[PDB]
Amino acid sequence: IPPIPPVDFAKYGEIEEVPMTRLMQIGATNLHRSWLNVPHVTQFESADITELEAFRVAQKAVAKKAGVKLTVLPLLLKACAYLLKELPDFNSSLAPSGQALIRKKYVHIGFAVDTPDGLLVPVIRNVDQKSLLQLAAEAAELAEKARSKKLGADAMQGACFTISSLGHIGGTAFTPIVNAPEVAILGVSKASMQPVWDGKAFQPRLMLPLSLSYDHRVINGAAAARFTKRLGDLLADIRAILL
Amino acid sequence: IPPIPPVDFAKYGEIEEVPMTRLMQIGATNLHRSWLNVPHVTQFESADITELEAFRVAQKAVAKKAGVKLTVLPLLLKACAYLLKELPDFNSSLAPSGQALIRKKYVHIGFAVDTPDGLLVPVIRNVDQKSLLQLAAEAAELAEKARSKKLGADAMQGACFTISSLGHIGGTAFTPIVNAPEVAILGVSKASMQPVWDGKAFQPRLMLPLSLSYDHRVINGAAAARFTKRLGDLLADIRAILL
Amino acid sequence: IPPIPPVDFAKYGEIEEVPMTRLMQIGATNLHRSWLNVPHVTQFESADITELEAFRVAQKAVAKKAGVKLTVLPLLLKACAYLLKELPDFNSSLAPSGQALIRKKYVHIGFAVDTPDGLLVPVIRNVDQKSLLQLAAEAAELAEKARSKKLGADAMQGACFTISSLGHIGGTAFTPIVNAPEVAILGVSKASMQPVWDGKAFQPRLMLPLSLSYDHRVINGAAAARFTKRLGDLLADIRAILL
Ligand SMILES: NC(=O)CCCC[C@@H](S)CCS
Ligand SMILES: NC(=O)CCCC[C@@H](S)CCS
Ligand SMILES: NC(=O)CCCC[C@@H](S)CCS
């Protein structure tokens, strides 16, 4: 690929060189390796989380007793685990022969933690088997270890899918990058109150923005519109996971 | 381009290998070839289809008599054909010398059909010359042949532009991939009722999401904002095609 | 990277070859060089410009006296200059050793002008030091020289960031391409009146769409959600720049 020409930046004004941590360097290399290997498409969708929210907030007692804090990440993780099992091509990877997909029969999911040294993406194993408070507890442990450079490579491995949540900072949507060899990553941005047509008038409903990027060689356009559709349906009534 | 390292996926749990149809393999190869050749930009726009819809639904009698079913795809195809003629750089391809564009004086348009064996994109020729019921009939023939593996390579050739409609499944917008050597592809997602400001109050209007990806080497940012603008104008009052 | 196969386009109908200006050729080459070097992410956000607008329009007298026309571009430029100083990683470039960032202590910003010969991106130097009418005057000079092929290479150099505004043509959002070796570009599309929840009811507020693309090797997902957040905050009350 042609390089970018060097520029004497100091011709235009004062410059200063600060260097990158090896963590940044790693991160930089893996992203570019994904960018060039994966033909990327992003599917956007909004889910009605008005009831999910009200539930989150009512179980604040139970979660405080249990020592965890229930955010939207456990709810996101449980629903994606259920869907990674309904729609298995999302839970798979392209075999290196380019002629097969390796369907994984396990559901471990990673999630992005941005630490000062760089991006780390700790993996929770067997998301399909743990409960909302279990996942809430674990998510939090892994994140603190991640910030404290006390997370060990063991825990950064063999994930099937990634959730990257910027909802706590803001933004309307983004186009995340597939963390190859995985085939899809779900970006979650900030919830807003929004008018939604109820057949007769507009009701305010709390809407969560979802931005699913995928490896188009393995997932086609309709498979992906269907994944974000099912997920917005699950998040609107999480009781369907009981079914 | 550096490869992705192989991972022994079975270290993390049970895996299973299912293989790809040659159709998937083809599809995979062409997408990646586009991804690396075309610097991609996506322009988003929403069109007011409230009147187009009401028309669609009133001609249901006529279409049933004629044996076709009138969906939004014939209306999309007619308007894009008209615009591919108004704005010709969208109807062209970059000559392989990299120093010229081959402007095509014909308008054949392909459309994406997702079949079980993979993605197929049958082409309707001379869209500019056929009527809404003609295109409705033809769209449907080609799609059934496509699902039935009875579509022949003849019919997958020399298109100028592509429409990829996921509207029937859902989603808010997506970033489709230019089907090189074409220079643009129009993605259409699900229509929603939306409040639209009428200078004094918000009216509910049925809004169709449009996501136009283009080859930025041939189309610049303003040419593309102008194409989606004209198209939202045409779809708001399709009678302008008579002009 | 594999090439795209040549197609005898004339098998399908009449074609015509028109050639590209060297300006297009240049533009084409630089875009593709960016596309393959920069792993791109786009962050979307909307800013409430209702008060900024009303201000713009009240200073129409002053601007007419001063011979300039105050559009949104000076307001965009002043706020980005302030932020390129608050959040310095946006004002930097990746050193060619891949192991360092060159932080630039200057703020010159380029902006995209689409001329008939191709795209040109004149640079305003030391945006941080000039006032709204200064920048309004200058923006306009550079743009006319650009359209008149009277802009000289001097003026197309050593920018730190780019603003690409298609707001005057239309569109809802787009994904612009980082103009490498810069690390981010802000796309601005068309403002619309929109219902915004005020805790009790929806108020109409004039909303400006912002689409920030960045080089993910240098800027992480949260740094970028924070830049578009601060910018929507600055544009909502530009007096915070006085602080
Ligand atoms: N851990 C890494 O080194 C790179 C992670 C890349 C994949 C995702 S988090 C990109 C999100 S925009
Ligand atoms: N027919 C193919 O083999 C690939 C088609 C690629 C172009 C479009 S449909 C991608 C849409 S996201
Ligand atoms: N001046 C050039 O030759 C290319 C500019 C590329 C960067 C930006 S303007 C792309 C915007 S979509």
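The basis for the numbers below is simple: all heavy atoms, side chains too, and nothing from hydrogens, waters or symmetry mates. Protein chains get the first letters and strands the later ones, always in sequence-line order, with residue 1 at the start of each.
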* **Spatial distance of atom CG (C/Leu135) from atom CD (C/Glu138) [nearest 0.5 Å]** => 6.5 Å
* May I ask you to say whether C/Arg147 pairs ionically with C/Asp117, meaning some side-chain N is under 4.0 Å from a carboxylate O? => no
* To do: Hey, could you give me the CD1/CE distance between C/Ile26 and C/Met20, rounded to the nearest 0.5 Å?
  => 10.5 Å
* How are the rings of B/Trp35 and C/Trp35 set to each other: parallel, tilted or perpendicular (split at 30° and 60°)? -> perpendicular
* Structure fact -> d(B/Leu94 CG, B/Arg217 CZ) to nearest 0.5 Å is 5.0 Å
* Asked: Of all residues at least two apart in sequence or in a different chain, which pass the side chain to side chain contact (heavy atoms under 4.5 Å, CB included) check with B/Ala180?
  -> B/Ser34, B/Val38, C/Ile4
* Asked: Who are the side chain to side chain contact (heavy atoms under 4.5 Å, CB included) partners of C/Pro2, not counting sequence neighbours?
  -> B/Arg33, B/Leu36
* Asked: Of all residues at least two apart in sequence or in a different chain, which pass the ring pair (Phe, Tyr, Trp, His ring centres under 6.0 Å) check with A/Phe44?
  -> none
* **Residue pair C/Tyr12 / C/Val7, side-chain heavy-atom distance below 4.5 Å** => yes
* Distance in Å, B/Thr228 OG1 paired with B/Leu210 CG, rounded so as to fall on 0.5 Å steps -> 7.5 Å
* Distance (rounded to the nearest 0.5 Å) between B/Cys160 SG and B/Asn179 CG -> 11.5 Å
* Anything under 30° is parallel, anything over 60° is perpendicular, the rest tilted; go ahead and classify B/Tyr106 against B/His108. => tilted
* Asked: Between atom NZ of C/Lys105 and atom CG of C/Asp128, what is the distance when rounded to the nearest 0.5 Å?
  -> 13.0 Å
* Taking C-beta and beyond as the side chain, do C/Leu231 and C/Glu45 meet within less than 4.5 Å on heavy atoms? -> no
* **side chain to side chain contact (heavy atoms under 4.5 Å, CB included) between C/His32 and C/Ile1, intermediate numbers included** => CA-CA 12 Å; C/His32 200 20; C/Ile1 66 183; 3.9 Å; yes
